[PDB]
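Undergrad: Sharing a structure below in structure tokens format, with a few things to ask.
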Amino acid sequence: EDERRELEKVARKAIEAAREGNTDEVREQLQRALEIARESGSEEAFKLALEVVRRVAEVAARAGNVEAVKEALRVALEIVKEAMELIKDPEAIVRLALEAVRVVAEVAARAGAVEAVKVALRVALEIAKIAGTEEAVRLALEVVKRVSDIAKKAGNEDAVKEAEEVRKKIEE
Amino acid sequence: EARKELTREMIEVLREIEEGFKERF
């Protein structure tokens with residue numbers, strides 16, 4: 002697929018600008034990756050754009066670039082809405098929604114927002130309720146898995162405690 | 179306030195994703 006090798010080029014350019022502090026270049030490449038996924042229409046392209054959003058949000062947070070992180074969260078919302086308009090498959094919308102909810106939850110665990118980590122787990126449980134599929138709860142447990150993992154390596158004890166609770170809630 | 183803006187946008191983007199999903203279903 003030639004659509005994939007386009008997002009990799011804009012990913013190298015977006016993560017490079019996230020380190021040197023070129024927040025304006027981050028806005029351009031993130032908006033470009035949105036246009037790449039918007040033109041094709043396939044779920045894989047809408048998905049592959051989320052990796053770029055998650056990739057730049059990691060390096061921007063690791064470099065103290067707070068505004069570049071806020072730009073990634075904005076794009077993560079835009080790919081979801083652009084998918085709800087393009088994608089006709091309701092199950093593909095569920096996957097892309099939890100994949101975006103998972104991204105905003107990993108950045109909140111590093112940032113130790115606690116309240117945002119709680120809302121992310123609260124939203125992720127709600128998305129899997131209307132879906133009612135075994136695929137939805139599998140990805141919902143993955144948002145809890147990533148929140149608990151990232152919060153441990155960060156030493157934020159408030160999130161690993163909330164993650165273990167939400168995991169036990171849907172086990173029944 | 180810069181970190182408060184980061185957390186505030188996280189809550190908003192999350193509730194917008196949930197809102198758009200409850201409308202399609």
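If you're matching them up, the sequences are chains A and B in order. Residues in the first sequence are numbered consecutively from 2, following the authors' numbering. Residues in the second sequence are numbered consecutively from 179, following the authors' numbering. For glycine and all other residues, C-beta sits at the position ideal for the given N, C-alpha and C.
Inspect the beta-carbon positions of residue 174 of chain A and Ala109 of chain A and report whether they are closer than 8 Å.
TA: As displayed, chain A neither begins before 2 nor continues past 173, which places residue 174 of chain A out of reach and without an answer.
Undergrad: Using a Cβ-Cβ cutoff of 7 Å, what residues of the segment 101-133 of chain A are near chain B? List them in chain order.
TA: Here the close residues are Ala101, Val102, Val105, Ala109, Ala112, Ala114, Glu116, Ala117, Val120, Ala121, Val124, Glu127, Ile128 and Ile131.
Undergrad: Give the list of continuous alpha helix (DSSP H) stretches no shorter than 4 residues that lie fully inside the segment 74-141 of chain A.
TA: Fully enclosed alpha helix (DSSP H) runs of no fewer than 4 residues occupy 91-112 and 116-132 of the segment 74-141 of chain A, in order along the chain.
Undergrad: Which word fits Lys71 of chain A, buried or exposed, when buried means at least 16 other C-beta atoms lie within 10 angstroms of its C-beta?
TA: Here residue 71 of chain A refers to the residue found at position 70 of the first sequence. So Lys71 of chain A counts as buried.
Undergrad: Three Cβ pairs or more, each shorter than 8 Å: is that satisfied between the segment 129-141 of chain A and the segment 182-195 of chain B?
TA: Judged by pairs of C-beta atoms under 8 Å, the segment 129-141 of chain A does not touch the segment 182-195 of chain B, as fewer than three such pairs exist.
Undergrad: Taking DSSP as the reference, what is the three-state secondary structure of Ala64 of chain A?
TA: Here residue 64 of chain A corresponds to residue number 63 of the first sequence, with the count starting at 1. DSSP, read as helix, strand or coil, puts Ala64 of chain A in coil.
Undergrad: With distances taken Cα to Cα, identify the nearest neighbour of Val67 of chain A among A:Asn23, A:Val81, A:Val11 and A:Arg5.
TA: Taking the first sequence and counting its residues from 1, the one referred to as residue 67 of chain A is at position 66. Nearest of A:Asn23, A:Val81, A:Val11 and A:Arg5 to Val67 of chain A, Cα basis: A:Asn23.
Undergrad: Identify each residue in the segment 60-92 of chain A for which the Cβ-Cβ distance to at least one residue of chain B is less than 9 Å, and report them in chain order.
TA: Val67, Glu68, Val70, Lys71, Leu74, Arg75, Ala77, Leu78, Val81, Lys82, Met85 and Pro91
Undergrad: Name the residue from A:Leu49, A:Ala114, A:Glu166 and A:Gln30 whose alpha carbon lies nearest to the alpha carbon of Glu2 of chain A.
TA: By one-based count along the first sequence, residue 2 of chain A stands at place 1. Comparing alpha carbon positions, the residue from A:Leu49, A:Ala114, A:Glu166 and A:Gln30 closest to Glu2 of chain A is A:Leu49.
Undergrad: List, in chain order, every chain B residue whose beta-carbon is nearer than 7 Å to that of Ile151 of chain A.
TA: If you number the first sequence from 1, residue 151 of chain A lands on position 150. Residues of chain B passing the Cβ test: none, with the nearest at roughly 14 Å.
Undergrad: Is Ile171 of chain A close to chain B? Criterion is C-beta to C-beta, closer than 8 Å.
TA: Taking the first sequence and counting its residues from 1, the one referred to as residue 171 of chain A is at position 170. No - not a single Cβ of chain B is within 8 Å of the one on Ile171 of chain A.
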